[PDB]
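Okay, structure first, notes after.
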Amino acid sequence: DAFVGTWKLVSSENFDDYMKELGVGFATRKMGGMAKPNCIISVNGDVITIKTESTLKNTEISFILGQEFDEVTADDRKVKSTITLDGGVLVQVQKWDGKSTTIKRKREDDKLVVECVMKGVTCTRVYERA
Ligand SMILES: O=C(O)c1ccccc1NC(=O)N1CCc2ccccc21
């Protein structure tokens, strides 16, 4: 849809603070912060696939909107994820150990804008088409 494509990170705001709030350690935050991932989004019927690729870590999820799934995150959290489409926004919640974080993926002009919230910390990651 609006989301399908190959996208490259072009800017990041507050990612270090977000990783800290998630409980990511210093060494991993150091490696993660200077990464410039690509994100490849595809759809085949009910099933959406999001691949996030980088030099030091690749992840992939495939899901059906509204259907909870188990996910191991890039930082090795074992979470329950649910992704829904709300007003053109892909809204992902990840739940684990009584905590949650929300990851919203939105299309804005030429950008794929990713807003990540954990407690008081909001991180914005901006991607453009490769
Ligand atoms: O990066 C993002 O914008 C991102 C945004 C929302 C949710 C997950 C994310 N990131 C992610 O899944 N990965 C995978 C591998 C890797 C290496 C370095 C930094 C990040 C990531």
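Shown for chain A, in order and in Swiss-Prot numbering: 3-132.
A Cβ is built for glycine as well, from the same backbone N, Cα and C atoms used for every other residue.
So that you can see what the record holds, here are the features copied from Swiss-Prot:
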BINDING   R127, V128, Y129  fatty acid binding site
MOD_RES   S13  phosphoserine
MOD_RES   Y20  phosphotyrosine
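Sequence features, as recorded in Swiss-Prot, placed on the structure.
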{"residue": "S13", "record": "phosphoserine", "Cβ contacts under 8 Å, 6 or more apart": "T126, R127, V128"}
{"residue": "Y20", "record": "phosphotyrosine", "Cβ contacts under 8 Å, 6 or more apart": "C118, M120, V123, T124, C125"}
{"residue": "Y129", "record": "fatty acid binding site", "Cβ contacts under 8 Å, 6 or more apart": "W9, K10, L11, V12, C41, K113, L114, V115, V116"}
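Same-chain residues that are not part of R127, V128, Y129 yet have a Cβ within 8 Å of the Cβ center of the fatty acid site turn out to be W9, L11, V12, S13, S14, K113, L114, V115, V116, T126, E130. With a CB cut-off of under 6 A applied against ligand 1, the recorded positions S13, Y20, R127 are reduced to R127. Secondary structure at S13 (phosphoserine), taken from DSSP and collapsed to helix, strand or coil, is strand. Counting every protein chain shown, the number of other Cβ atoms lying within 10 Å of the Cβ of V128 (fatty acid binding site) is 15. Other Cβ atoms within 10 Å of the Cβ of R127 (fatty acid binding site), summed over all protein chains shown, number 21. When secondary structure is read from DSSP and collapsed to three states, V128 (fatty acid binding site) falls in the strand class.
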